[PDB]
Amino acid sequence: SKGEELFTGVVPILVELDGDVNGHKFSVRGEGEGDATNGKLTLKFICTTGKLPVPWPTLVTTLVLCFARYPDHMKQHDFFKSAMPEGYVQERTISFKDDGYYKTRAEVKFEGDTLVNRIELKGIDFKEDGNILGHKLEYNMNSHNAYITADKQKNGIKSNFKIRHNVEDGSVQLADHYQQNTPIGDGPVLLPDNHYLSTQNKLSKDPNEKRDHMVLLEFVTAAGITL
C-alpha cells in the first residue's frame, strides 16, 4: 500500500482522550513516537483534569495499530497502514466482568507529519467500591494476543479479545473487547486473511512528574500467517 510508505521510520504521535465514566468527566493527553519497523511505541500520558477516575491500565487498549510490525510475507494483510493517511475509525465496547462497560469512538489519522489518535469514551454502570471506580487494579499489564478478521460488508476489520487485569487481592478482572475499524477515506484498502497481533506492555512512572500520569512502552507484532 501507499500508506505503508508513511511508516518507514519513527513517527511522532499525539493522543487526546475525553471521557465520561458514571458522569465523571476527565481528559487525557499523550505524546510520544512509534516505529513500525520494530513495532515499538513509547508514550507519556497525563490526566489534564486532575486525578484519573479509572485505573490507568484500563485505558491502555484505548489510548494505534498502524504501528504494528507486519513481517514481509504478511504486508498484504495490513489494513491499518493501508487506510493511511486519511485514517480509520476505531470503535469498541469493553465489558468489565461483574462491573460496568466502556464505549469508545476514535479516529486515527495523520495531521501533518504527526499520527493522531482522538478518542471519546463513555463509561456506564460501574459499581461503587468496585475494581474500576475503587482503583483496585495492579499498575501492570499482561501480554496478550488478539485475532483480526476481515469485515467485507463494511470494508474494514473486526476483532474480539479479552484483557486480563490483575487485581490487588490476587483475583483477575476480565475486560471483554469487541472492536470494529472502518476507513475514513474512500480509497482502496487491504482486507486481511485471519491473523493475530501479539502485544507486550511496560507501565512506569516519571519521577519528576507531579500530575497523575502513565509512561507506556508497547510492542505489537503481527503473526499467524506463515510462508
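So that there is no doubt, residue numbering starts at 1 and follows the sequence shown.
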### Unresolved deposited residues lying between neighbours residue 63 and residue 64
1 to 3
### Message
Averaging CA B factors per stretch from the PDB record, which one is higher: 117-125 or 151-159?
### Response
151-159
### Message
Using only C-alpha atoms and the B-factors in the entry, which stretch averages higher, 181-189 or 198-206?
### Response
181-189
### Query
In the PDB entry, which of 82, 104, 145, 95 has its C-alpha at the highest B-factor?
82
### Third of the chain's Cα B-factor distribution that residue 141 belongs to, per the entry
highest
### Message
Is residue 35 in the lowest, middle or highest third of its chain when residues are ranked by C-alpha B-factor?
### Response
lowest
#### Entry: residue 100, C-alpha B-factor rank within chain (lowest, middle or highest third)
lowest
### Message
Looking at the temperature factor on the CA atom of residue 172, which third of the chain's modelled residues does it land in?
### Response
highest
#### Entry: B-factor third for the C-alpha atom of residue 77 within its chain
highest
